[PDB]
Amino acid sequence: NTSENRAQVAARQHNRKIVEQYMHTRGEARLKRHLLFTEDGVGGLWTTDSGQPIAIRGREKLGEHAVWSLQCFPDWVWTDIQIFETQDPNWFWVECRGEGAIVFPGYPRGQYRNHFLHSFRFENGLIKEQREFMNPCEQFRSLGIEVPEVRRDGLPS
């Protein structure tokens, strides 16, 4: 019990509340979730078919992106949310699932389910970087895209 360890605990506790708020943001509130980020904050999808992240850079770019997300995922809900604090008061991981309609132009409407890991890094009590990690193959299934198969001959039984 020193004031340095109290600052850290207080930081972790405020940061965790923002992670919880993030993960419970649904419907039209998603249009304001960008306000949880620093001005230069980054969010987006780190696991894509291309092998490069799609990074959305800036609090304002993030609010613009939320209009596209709400259109394409109109009823998205995160479930089975488990929040992991780390040794770093400004860095959290979340393991969860999610489910909802997927409405991408040039594909049929589908139902998308996946398992997700999210990384949340903070600066001054606001999110500086959010990254989502998932298995893009499940998104291919939701879009009617054929999923390649890797054969693992010899893989012990």
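What we label the rigid core is the largest C-alpha set whose atoms superpose within 1.5 Å from one form to the other. Numbers follow the displayed sequence, beginning with 1.
J.: Please indicate which stretch deviates more in 9 other deposited structures of this protein: 12-20 or 144-152, judged by C-alpha RMS distance after a core superposition?
T.: Between the two stretches, 144-152 moves farther in 9 other deposited structures of this protein.
J.: Compared with the other modelled residues in the chain, in which third is the CA B-factor of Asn135?
T.: CA B-factor rank for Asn135: middle third.
J.: Which third, lowest, middle or highest, does the C-alpha temperature factor of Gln71 belong to within its own chain?
T.: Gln71: CA B-factor falls in the highest third of its chain.
J.: Please place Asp40 in the lowest, middle or highest third of its chain according to the CA B-factor in the PDB entry.
T.: Ranked within chain, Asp40 CA B lands in the highest tercile.
J.: By the recorded C-alpha temperature factor, relative to the other modelled residues in its chain, which third is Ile54 in?
T.: Its C-alpha B-factor belongs to the highest third of this chain's values.
J.: Select lowest, middle or highest to describe the third in which the CA B-factor of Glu123 falls within its chain in this entry.
T.: Tercile = highest for this residue's CA B-factor.
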